[PDB]
């Protein structure tokens, strides 16, 4: 038992991290098969970051403008034999296929979904943590200068689903990056100009999963017979900075195991959102929305 902020083991992804350098700029890249992905702003001089012309930067480069080095594990310098831009990312083709390429897919995550991040500097992993894609299409990470190209991913069995490449910090503790189609989460621009963000909201479905996790760990003081329908809750949520609730099979399994209906926990949220009044749930005095239904099913019941 117990519910914690859990990340995937990072070793499989550590074996794919490289350092990418373009002139005076350096960051991290992801080496899969014969391709190295990295943020395109590695091509931009500091003095042009406020108004880059990435199309012009790209044509000013040759294959030799990029240097790709693997430091950790099996060391190596990889020769770039091709270069292309896709959205906010570069795709560098290298002459050697990564012998440690895992089974992988590329996916784009949705608000409320959780993924593991491997934070790296100079091609060297330094930490791992789990984030939730916020309703305003940012993440609340921990990233310093040089962290771009750090990757986020989920895992289904042995398959790694890469979903995030770190790009920028929009405000204190507020970050965004690209999916591997090159689209920036939240459509923010990789240019150094202030860009307003939407207000953050509570992820209602994750709050429900966490309340179920509480029931499963012996904490149910907030469960009453009262119920609020999904439709009624969703009108309320839009007026109170909560996301609209969408049920899933994963949530249904928790309702079955506990015998507590989703609608009872929606009612509870409407009472608890103003404060627990000295009471606590799983050691917290506020609603927690960083645990997904899938995370709860996995940690508490072993079920995937």
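Basically, rigid core = biggest C-alpha set you can superpose within 1.5 Å across the two forms. Numbering follows the first chain given and starts at 1.
- Once the rigid core is used to overlay the structures in 8 other deposited structures of this protein, the stretch among 83-91 and 191-199 whose CA atoms lie farther from this form is 191-199.
- Choosing between 201-209 and 164-172, the greater Cα displacement from the shown form in 8 other deposited structures of this protein, fitted by the core, goes with 164-172.
- For residue 73, the record comparison shows coordinates absent in at least a third of the other entries of this protein that model its neighbours.
- Comparing the deposited coordinates for 162-170 and 80-88, the stretch with the larger average C-alpha B-factor is 80-88.
- 193-201 and 115-123 differ in mean CA B-factor, and the higher of the two is recorded for 193-201.
- In this entry, the residue among 243, 270, 34, 28 with the greatest C-alpha B factor is 270.
- Looking only at 209, 187, 132, 219, the residue with the top Cα B factor in the deposited structure is 219.
- Residue-level temperature factors show residue 13 in the lowest third of its chain, judged at the C-alpha atom.
- Sorting the modelled residues of the chain by their CA temperature factor places residue 257 in the highest third.
- In this PDB entry, residue 70 carries a Cα temperature factor that places it within the highest third of its chain's modelled residues.
- Looking at the C-alpha B-factors along this chain, the one for residue 145 belongs to the middle third.
- Ranked by C-alpha B-factor against the other modelled residues of its chain, residue 45 falls in the highest third.
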